[PDB]
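> Fold the following for me, if possible:
(3 chains, ligands or ions: 2)
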Amino acid sequence: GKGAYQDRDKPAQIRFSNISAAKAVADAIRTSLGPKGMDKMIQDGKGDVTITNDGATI
Amino acid sequence: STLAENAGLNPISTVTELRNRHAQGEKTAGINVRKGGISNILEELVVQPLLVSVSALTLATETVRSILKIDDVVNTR
Amino acid sequence: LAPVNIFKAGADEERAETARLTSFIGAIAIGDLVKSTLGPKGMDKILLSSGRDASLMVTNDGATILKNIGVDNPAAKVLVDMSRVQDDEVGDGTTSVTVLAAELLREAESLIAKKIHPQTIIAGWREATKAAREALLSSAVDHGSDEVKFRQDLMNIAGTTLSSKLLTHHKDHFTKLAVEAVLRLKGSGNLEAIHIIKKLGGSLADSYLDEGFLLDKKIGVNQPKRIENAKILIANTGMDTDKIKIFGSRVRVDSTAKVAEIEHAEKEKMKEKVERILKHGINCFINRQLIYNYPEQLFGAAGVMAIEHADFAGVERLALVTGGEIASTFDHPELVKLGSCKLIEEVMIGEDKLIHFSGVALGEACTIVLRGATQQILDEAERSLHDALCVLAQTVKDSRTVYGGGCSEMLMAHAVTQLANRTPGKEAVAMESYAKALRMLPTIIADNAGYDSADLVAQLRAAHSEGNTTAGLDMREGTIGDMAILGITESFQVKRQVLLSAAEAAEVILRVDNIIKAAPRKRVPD
Ligand SMILES: Nc1ncnc2c1ncn2[C@@H]1O[C@H](COP(=O)(O)OP(=O)(O)O)[C@@H](O)[C@H]1O
Ligand SMILES: [Mg+2]
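Residues are numbered from 1 along each chain as shown, chains lettered A, B, ... in the order given. Ligands and ions are numbered 1, 2, ... in the order given. Find the structure here:
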C-alpha cells in the first residue's frame, strides 16, 4: 500500500532465471511429441550413439 | 496446439475450432492427423488409460509448487 | 609495526581495531544469510557442489545449510559449530539460535563504538540472561496427568514444527503420522526403531505409516511365499559354510577316498544343525548373514521361510516388533522365545516387492513409506519429518510446554527491561541491548510475510507490559491473537537451549581481541 519497500532484488531475479531455464527444456523436446514427431541422436563423450523418441531417455 | 503444429496445420485455427466444438456438445472431438482436421476421436479408435492423464497432472503441479519455494543459490564443496 | 620480524612467511596477525572488525563481519554475514528461511513463510535455498560431483539438494533446515557452506573466517566457524551441536541435541531451533547469536553481536559493535569496555557488556548480559531464563520458567505449563489433554499438546507441537517446512501443504495429514508413530515407542527414546523408507513415484499425499512392518529383502527359492499364523525365530549365526572352526587345523590324508569321506562329513554337520533349528517348531526363519544354497533347500523341503542378510538394524527392529529373541547355538529350545505375527505376505510398492508383516504382537517399532515426484522432495520430506519425531520425543520425556509465535520472546524481553530500569551504571545500557536482540526474532517473522513489522511489534510490546501475557502474532491474517485459543506451542527444553547457547557464543567471540594465523599448507595432491 503505502510502505513495505522490498530492498532485495535477488529473489525476484532467481525466480525469473528459473522460469527461463525450465521453459527452455520444454521447448527442446516439444518436437518429439505426437504421432508425427521425430527422434533425436545423442552422441556421448565415450562415443556411444543412441537414436530415440522416448522422452525420459532424451 | 503442439500436436496441431507437428502435423503442419494452422495451430490458431485448429484450437479455436476445438474449443468451439467442446462448448456446444460433444467432448470426444480431437485432432485427426489422418484426415487433416477435427473429427470424432472414438471413431478413429485412439484411446489411452486414465492413470496416464491423472498421474501426469498430479506430478506436474507438485513439482511447480516446489519450485516456487526457492529463493537463493549458493556454492558449496 | 616493529622493524624486527617475528613470524615465518605466510603467517599473519590482526589486532584490536582490525580483529574486532573481522569477527563482527563474519558473524552478521552468516546471520543474514539464513534469515530468509525463518518463520512460517520462509523460503528454501539451493545447495549445489563444485567438488562432490555436482550434488544438488533443496532444503530449509538451518543446520544443513551451515554444514555444507565452506566458511573460512575464524569467527564464522564458531557459529557453524553451535548449530551442528543444537541439531544433535534437540533437533529444532537451528535457525533461531544462529540468528539470535548474530543479532547480539550486531548490537555489541555499536556499544563498543560508544567507548564501553567489552567486559562491562558481558557482565551486563550475564544479569540479563539470568532474569530472562527465570521468566521463561515461570511461563511453563505442565500437563501429563490427562491423556486427552496431553494428546492435544502433541498434535499442537507437531503442527507448529511442520509449518515452516514443505510439509505445510498437507499439515493435517502429516501431523497424525508423526504423533501416532511416537506413541508406538512406549516411552523409549530409541528413534532408530523408526525406519523411514522413501521411494520415488506418486504424489506426496500417498505417504502413510504401515500398521505392521516392511522388509526390503527376498525369500529363498522354492519356499512358501505366504504364511498364516507364523512363528518367527530370529538368529544371528553363520550358515554359508559355517565350518569356520577357529583353530588352525588342516587335513593330511594319503588317499582320495578319505577326502570324499571328510567332505561328506561336512554336509552331515550342516544337516545336524538344521534339524536342531526345526526342533523349535518354527515356520519362519530370519538370519543376519548369508544362507548357502545347501541349507536353503533343507528349509525348502521342510516348508519354512528363510530371510538372509538382514543386517544388525534389520534384526534388532524385528525383535522389538514381534518380541522374539536373537538366539544362537540352538541347544535349548525351551529357553528361547519366538515371535508371532498374524500374516506374512509379499506386497508391491512402486516397482519393488517388500515383505509385509501384519497383526504383529508388540509393534514397538514401525516403518513409514514416503512418496513424491522428485528426489529433492523425498529428501526434504524425510529431513523435515526428522525434526517432528525428535521434538515430540523430547516432549514425552519432559512434558512442559511454552507458547510460541513470538509470545515467548516478548515476555522475556520485558523481564530484562524491568530489571534494566533499576540498575545504575553502564550495565543498564547493555541490558537494554539484550532486549533489542530478542525482540528482533518476532520482527523477522513478520518481515518475511510482507506485514508492517514495526506496528505489530509495537502492539505486542504494549500488550505484554499491561499484563496480556498470552498475546502474539497471527500469520494467516497479520494481526494479533491469543495462543491459548489458537494453539501455537513450543517445548520448554527447545526454547531453553536456544536462549542459553546463543547468549554464550556472543560471549566467547566478544572476549577475543587478537587473531593469529599460521602459514597454511600448500596443495600438492597425490
Ligand atoms: N503458525 C505459526 N504462527 C506463529 N508462529 C509460528 C507458527 N509456526 C511456527 N512459528 C514460529 O516460527 C519460528 C521459527 O521456527 P522454524 O521456522 O522451524 O526455525 P527454527 O529452525 O529456528 O525452529 C518459531 O519460533 C515458531 O514460534
Ligand atoms: Mg522448526
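
> C-alpha only now, for contacts and for neighbours.
OK.

> residues touching residue B:15, list them.
For residue B:15, the contact set (Cα atoms under 8 Å, 6 or more residues apart in numbering or on different chains) comprises residue B:1.

> helix or strand for it, which one?
Taking DSSP states H and E as the criterion, residue B:15 maps to helix B:11-22.

> Next SSE downstream of that helix?
Downstream of helix B:11-22 (by DSSP H and E), the next one is strand B:29-32.

> quick one: secondary structure of residue A:47?
coil (DSSP: H, G, I helix; E, B strand; the rest coil).

> Okay, it and residue A:41: tell me how far apart.
Remark: distance between residue A:47 and residue A:41 (Cα to Cα, to the nearest Å) = 12 Å.

> For the biggest helix by length in chain B, which residues meet the burial criterion?
In chain B, with assignment by DSSP state H, the single longest helix is helix B:50-67. Of the residues in helix B:50-67, B:59, B:62-63, B:66 count as buried by neighbour count, 16 or more other Cα atoms under 10 Å in any protein chain shown.

> got the contact list for it?
Counting by Cα under 8 Å, 6+ apart, residues outside helix B:50-67 touching it are C:166, C:202-204, C:373-374, C:377.

> Next SSE downstream of it?
Next along from helix B:50-67, by DSSP H and E: strand B:70-76.

> strands paired with that following strand, and their directions?
Its sheet considered, strand B:70-76 pairs with strand C:44-49 (parallel) by DSSP bridges.

> got a list of what the residue in chain B that chain A sits nearest to touches?
Nearest to chain A, among the residues of chain B, is residue B:71, at 5.1 Å (Cα to the nearest Cα). When contacts are counted by Cα under 8 Å, 6+ apart, residue B:71 touches A:10-11, A:14-15, C:43-46.

> so who does residue 15 touch?
All of this is about chain A. So residue A:15 contacts B:68, B:70-71 (Cα under 8 Å, 6+ apart).

> let's do chain C instead
By Cα under 8 Å, 6+ apart, the neighbours of residue C:15 are C:513-515.

> tell me which element the nearest residue to residue C:487 once chain neighbours are set aside falls in.
If the residues on either side of it in the chain are set aside, residue C:487 comes closest to residue C:156, at 6.3 Å by Cα to Cα, 6 or more residues apart in numbering or on different chains. Assigned by DSSP H and E, residue C:156 belongs to helix C:147-161.

> Next, work out how far apart the residue in the stretch 101-250 of chain C that chain A sits nearest to and residue B:62 are.
Residue nearest to chain A within the stretch 101-250 of chain C: residue C:201 (14.3 Å; Cα to the nearest Cα). As judged by Cα to Cα, residue C:201 and residue B:62 stand 12 Å apart.

> what touches both of these two?
residue C:373.

> Which residues of chain C lie near ligand 1?
Counting by Cα under 6 Å from any ligand atom, chain C comes close to ligand 1 at C:38-40, C:62, C:92-96, C:160-161, C:163-164, C:404-406, C:474-475.

> ok, now with 5 Å
Within chain C, the positions near ligand 1 by Cα under 5 Å from any ligand atom are C:38-40, C:92-96, C:160, C:164, C:404-405.

> Next step: those restricted to helices.
Per DSSP H, the residues of chain C next to ligand 1 map to helices at C:94-96, C:160.

> Most neighbours among those, which one is it?
Taking other Cα atoms under 10 Å in any protein chain shown as the neighbour criterion, residue C:95 ranks highest of these with 25 neighbours.

> quick one: contacts for the nearest residue to that one once chain neighbours are set aside?
Among residues not flanking residue C:95 along the chain, residue C:62 sits closest, at 4.7 Å (Cα to Cα, 6+ apart). For residue C:62, the contacting residues are C:34, C:37, C:83, C:94-95, by Cα under 8 Å, 6+ apart.

> can you list those residues in JSON lines and add distance to residue C:363?
Listed next are these as JSON lines, based on distance: Cα to Cα, whole Å:
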{"residue": "C:34", "distance to residue C:363": "40"}
{"residue": "C:37", "distance to residue C:363": "37"}
{"residue": "C:83", "distance to residue C:363": "34"}
{"residue": "C:94", "distance to residue C:363": "32"}
{"residue": "C:95", "distance to residue C:363": "35"}
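
> farthest-separated two in those residues?
C:37 and C:83 (14.5 Å; Cα to Cα).

> give me every residue that touches residue C:185.
Applying Cα under 8 Å, 6+ apart, the residues contacting residue C:185 are C:193, C:364-365.
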